[PDB]
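What follows is calculated from the coordinates using simple rules that are stated; it is not laboratory data. For neighbour counting, all protein chains shown are included, and Cβ atoms are generated from backbone atoms with ideal geometry for every residue, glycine included.
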Number of protein chains: 2
Amino acid sequence: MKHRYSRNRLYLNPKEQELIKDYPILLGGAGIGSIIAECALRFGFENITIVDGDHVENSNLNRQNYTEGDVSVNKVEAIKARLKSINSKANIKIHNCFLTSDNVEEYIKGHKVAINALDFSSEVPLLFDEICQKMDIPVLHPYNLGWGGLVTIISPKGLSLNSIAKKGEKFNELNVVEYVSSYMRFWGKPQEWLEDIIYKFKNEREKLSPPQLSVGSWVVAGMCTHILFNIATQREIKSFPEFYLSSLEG
Amino acid sequence: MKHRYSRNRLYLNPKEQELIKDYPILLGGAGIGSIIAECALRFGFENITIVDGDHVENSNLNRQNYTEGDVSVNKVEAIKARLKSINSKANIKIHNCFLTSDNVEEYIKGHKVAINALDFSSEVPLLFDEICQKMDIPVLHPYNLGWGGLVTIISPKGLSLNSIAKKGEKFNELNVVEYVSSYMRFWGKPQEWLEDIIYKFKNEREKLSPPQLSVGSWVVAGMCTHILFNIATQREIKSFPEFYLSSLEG
């Protein structure tokens, strides 16, 4: 393997390092996704498309891959600068556009795997998955659970996130986190910390975005990079309704 | 809190965010520690001393917090640039010198907690811990097990890493990792992936450095940041001979 990937040896053979070099990844959302991108790029995934329409805001600096100088710049331009200073020969393609029902299919075309890191602020997170399912593109959903990282993979032929939604109210990340906490408690592995942060958040008077910590961001980037390597080299993975949860206590 | 730490709420209360702000951390080794440094800084730990005498090499870019432009510069020079570009008002103190039997005590002096990321090929890895114990400074030992992140905390009045070192024969990280696999297997939780890479590494024809992956670095960085929050806030911690092991398979 190359001198940059020298310490990747034994874990990866030359053909695997070679394989993931060109494996086209689509990353929707450069927030939690900006941490994911760096870890995956350094691992050896050199073909990443990143789509995001926001600018870098101050509140991102506690958990996202941006600097004080990046604030107010389009995230996609900022994360490409960070990524291309890590690997100049990498194929980092960005598109500074919001995903809508009309354009989302055209961006997805051409990718072998996708990471859905989209805010539920529009109705595109789930439609994004439907298009990926139809096209044999597995979808990673990373979540920042503060102390923990959560990843679930929507597999093309498996259940979609729709299965946890009730059709009368809109579905966001709080429903995913509540599903995970209830599953753990039901199966005898209760995550009392997760239920604790869920309770605190619900009893907040004002409606604010969910809190997140750098630790969960860093953990979930590692989980995602691993999952990407397993999907690209066709190693077994859990598909939704199964998920991966990683935290200091296991 | 600041708008930079805005999204930290509920997980940390304002009084904790202030406390860890000045909580003096000593980081011995800016390799795996460079990933730890960014995650811990963004969390809110703003008082970090970094000691390392090495320069950035090509093999670092697959798992360490450096860029192509940083290559051939002192790691300590590069990581302060990265960290101080994330937080300009942060208190990031570096020392471009290797640790020896004579200077290691004076570097330790003044910190409430330390992160021992010293190569076991230097002279001071175990002596570093003894001095910290003498001073009631807990020591985090983070390791990159490829797919997993491993942290063990030497607490001042508890067992040191000496307990797994053999009297008369040299001690390195392979002894730590072989202990973890044996302990895990002893408790009925064998990590066969870990045992596999250890076997592969020992039966290497050539004598080379251990392989490491970006996945474990990012995971261990999150673990270390969580542990640091617990140590500063006087939350319970697992001490050596116990440890924290985090991986996708777990």
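Identify, from the list A:195, A:178, A:206, the residue that is within 14 Å of chain B (Cβ to nearest Cβ), assigned to a helix (DSSP H, G or I) and acidic (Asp, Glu).
A:195
Across segment B:135-147, what is the number of residues that are assigned to a strand (DSSP E or B) and among the hydrophobic types (A, V, I, L, M, F, W, C)?
Going through segment B:135-147 one residue at a time, the tally reaches 3.
If you check every pair at least six apart or on different chains, which have Cβ atoms under 9 Å apart with a residue in segment A:1-17 that is more than 7 Å from chain B (Cβ to nearest Cβ) first and a residue that is of a type in the set (D, E, K, R) and surrounded by fewer than 17 Cβ atoms within 10 Å (Cβ to Cβ) second?
A:1/A:18; A:17/A:2
Please specify each residue of segment A:100-159 satisfying the condition of being closer than 22 Å to residue A:34 by Cβ, touching a helix residue (DSSP H, G or I) at 6+ places or on another chain (Cβ under 7 Å) and polar (S, T, N, Q).
The answer is A:100, A:116, A:144.
Hey, could you check segment B:43-63 for residues that are more than 16 Å from the chain's Cα centre (by Cα) and within 9 Å of another protein chain (Cβ to nearest Cβ) and say which is farthest from residue B:214 (Cα to Cα)?
Within segment B:43-63, the match that is farthest from residue B:214 (Cα to Cα) is B:44.
Take the residues in segment B:134-155 that are under 17 Å from the mean Cα position of the chain (by Cα) and away from chain A (no Cβ under 14 Å); name whichever of them is surrounded by the fewest Cβ atoms within 10 Å (Cβ to Cβ).
Here the residue is B:155.
Let me spell it out: the conditions are (1) within 30 Å of residue A:37 (Cβ to Cβ); (2) crowded, with 17+ Cβ neighbours inside 10 Å; (3) within 13 Å of chain A (Cβ to nearest Cβ), and residue B:173 meets all of them except one. Which number is the exception?
Going through (1) within 30 Å of residue A:37 (Cβ to Cβ); (2) crowded, with 17+ Cβ neighbours inside 10 Å; (3) within 13 Å of chain A (Cβ to nearest Cβ) one by one, residue B:173 breaks only (3).
Does residue A:132 qualify as being part of a helix (DSSP H, G or I), on the phi < 0 side of the Ramachandran plot and not basic (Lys, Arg)?
yes
Among the candidates B:118, B:99, single out the residue that is touching a residue at least 24 places away in the same chain (Cβ under 8 Å), touching a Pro at 6+ places or on another chain (Cβ under 7 Å), farther than 22 Å from residue B:22 by Cβ and buried (at least 17 other Cβ atoms within 10 Å of the Cβ).
Exactly one of B:118, B:99 is touching a residue at least 24 places away in the same chain (Cβ under 8 Å), touching a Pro at 6+ places or on another chain (Cβ under 7 Å), farther than 22 Å from residue B:22 by Cβ and buried (at least 17 other Cβ atoms within 10 Å of the Cβ), namely B:118.
For segment B:1-30, give me each residue that is under 18 Å from residue A:216 (Cβ atoms) and charged (D, E, K, R).
Answer for segment B:1-30, where residues must be under 18 Å from residue A:216 (Cβ atoms) and charged (D, E, K, R): B:4, B:7, B:9, B:16.
Quick grid of which residues meet (1) more than 13 Å from chain B (Cβ to nearest Cβ); (2) outside any loop (DSSP other than H, G, I, E, B); (3) farther than 27 Å from residue B:220 by Cα:
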| residue | (1), (2), (3) |
| --- | --- |
| A:158 | yes, no, yes |
| A:163 | yes, yes, yes |
| A:218 | no, yes, no |
| A:224 | no, yes, no |
| A:228 | no, yes, no |
| A:231 | no, yes, no |
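Which members of segment A:233-250 meet the condition of being more than 8 Å from chain B (Cβ to nearest Cβ) and within 14 Å of the chain's Cα centre (by Cα)?
Of everything in segment A:233-250, those that are more than 8 Å from chain B (Cβ to nearest Cβ) and within 14 Å of the chain's Cα centre (by Cα) turn out to be A:243, A:245.
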